[PDB]
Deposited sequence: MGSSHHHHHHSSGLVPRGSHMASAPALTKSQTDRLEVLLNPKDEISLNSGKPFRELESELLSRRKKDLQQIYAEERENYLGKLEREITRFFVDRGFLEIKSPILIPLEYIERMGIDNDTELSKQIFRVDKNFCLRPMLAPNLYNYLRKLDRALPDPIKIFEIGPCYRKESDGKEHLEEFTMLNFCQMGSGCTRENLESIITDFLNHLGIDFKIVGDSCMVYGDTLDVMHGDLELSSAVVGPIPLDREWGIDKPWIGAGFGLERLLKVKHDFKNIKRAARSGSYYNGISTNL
């Protein structure tokens, strides 16, 4: 015969990058299902930790060990911050609030405020959900952002390039630095910047600083060689990359 679209996409979903796997569709599907169920049975028997959660924790350990303060800010923020971010893809909620499309606005308020109680340099970071009406191969609507930044005198690209390297070296991911765009192949892993920037004026930040934002789903995409980033995202359709529609 020849697989119909519906059957190819179906095999696609049940397929795993590590799969060793002609044969008719029903046999291919039956065998792949059997494997996926076993893969799930293994995770349940040995691991049990969710990829998204586990990586978040590992990333948190790294930064917390390197002197960064772990921030947990609101996901539902005032629409003002979006304006204040010089934004003239957003999920609006109610009257003047929305779902944070980035971690920057809330981190800015922490840099400013903390800058009055903590000695330079101020090192903070946050890992969490961000939303953007979106190319499900690199982009999701609900993704997880890692944002870190250090504020104080002397902060430079060098400093920045240092953390990014120790970081990705730690995670165990290849990369290529090329504002900076931490690339892995041609997949953008992160967007980093060396302060100060005009926008700093909009939030009361008057010291130089360095920061980078990474998408944990892309880190996972690369770490587990997923074709579709959705396999790394929050969903009820995949668990640690294993289809749940079995």
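Of the deposited sequence, the ranges 1 to 24, 46 to 49, 117 to 123, 170, 215 to 223 have no C-alpha coordinates according to the record.
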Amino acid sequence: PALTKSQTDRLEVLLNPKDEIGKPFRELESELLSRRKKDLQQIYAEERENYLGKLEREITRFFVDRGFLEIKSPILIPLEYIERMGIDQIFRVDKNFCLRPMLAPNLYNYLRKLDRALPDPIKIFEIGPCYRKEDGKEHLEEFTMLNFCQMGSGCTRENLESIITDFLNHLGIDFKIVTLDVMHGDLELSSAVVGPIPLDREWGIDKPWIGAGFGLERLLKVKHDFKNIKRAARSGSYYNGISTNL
From here on, numbers count along this sequence of modelled residues.
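Per the records, residue 229 is modelled in every other compared entry, just as the shown structure includes it, so no third of them leave it out.
Compared against other deposited entries of this protein, residue 21 counts as often unmodelled, lacking coordinates in at least a third of those that resolve the residues around it. The mean Cα B-factor in the deposited entry runs higher for 199 to 207 than for the other of 199 to 207 and 65 to 73. If you average the C-alpha B-factors over 101 to 109 and over 168 to 176, the higher value belongs to 168 to 176. Of the candidates 142, 158, 126, 120, the one whose C-alpha carries the top B factor in the deposited record is 158. Highest C-alpha temperature factor among 220, 194, 33, 40 per the entry: 194. Split the chain's modelled residues into thirds by C-alpha temperature factor. Residue 114 is in the middle one. Ranked by C-alpha B-factor against the other modelled residues of its chain, residue 149 falls in the middle third. Per-chain ranking of the deposited C-alpha B factor places residue 26 in the middle third.
The PDB entry assigns residue 56 a C-alpha temperature factor belonging to the lowest third of its chain's modelled residues. The PDB entry assigns residue 186 a C-alpha temperature factor belonging to the highest third of its chain's modelled residues.
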